[PDB]
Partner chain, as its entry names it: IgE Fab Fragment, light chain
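We begin with a single chain expressed as structure tokens, specifically the form deposited without its partner chain.
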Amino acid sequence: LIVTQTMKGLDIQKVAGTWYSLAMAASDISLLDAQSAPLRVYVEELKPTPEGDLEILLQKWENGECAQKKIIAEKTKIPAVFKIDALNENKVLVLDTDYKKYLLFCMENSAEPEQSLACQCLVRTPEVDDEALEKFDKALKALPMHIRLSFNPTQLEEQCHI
């Protein structure tokens, strides 16, 4: 069992725009292990829709190349929980954000979180934000992460982080 506590009172409209994947953590090493790993994904943009769904623009390394993926995340009765069907995942969970600097979120397959859970620390600007990383560490304290990666500004500004 992995238990998640998402942000109460998330206004999805105020997350719109460019983000950078500053850090990642996964329950299973193999999810992130290599450059090719199935959940090694780099957020470019969050685009909320008026009716409160969420488009996720990400980059992923598959066919020798650093390729674009669009994920449609459909809203649920919980503003911080969205339904997806991509990367073999079916849930997006928004743990926390201050809207103007950082956003923490997880994807998982609800059918098996321990082989599935991947969480990221996003920032709006391509700079290491030590506040953001500490919030990510605290949000991860009660999650059973087995791989954790943090990127430097050089890796931030890059195609699939170099």
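Definition used throughout: the rigid core is the maximal C-alpha set that superposes within 1.5 Å between two forms. Positions refer to the first chain, counted from 1.
Note that the form solved in complex with its partner chain isn't included here; everything after this is about it.
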Do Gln59 and its partner chain share at least one heavy atom pair within 4.5 Å in the deposited bound form?
yes
Exercise. Can you check whether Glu45 is within 4.5 Å of its partner chain in the deposited bound form, heavy atom basis?
Worked result: yes
Contact flag, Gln5 vs its partner chain in the deposited bound form, heavy atom cut 4.5 Å: no
Tell me, yes or no, whether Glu65 is in contact with its partner chain in the deposited bound form, where a contact means a heavy atom of each within 4.5 Å. yes
In sequence order, the residues of 132-162 that place a heavy atom within 4.5 Å of its partner chain in the deposited bound form are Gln159
Check: Once everything's superposed on the core, is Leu87 shifted 2 Å or more at the Cα between this form and the one not shown?
Finding: yes
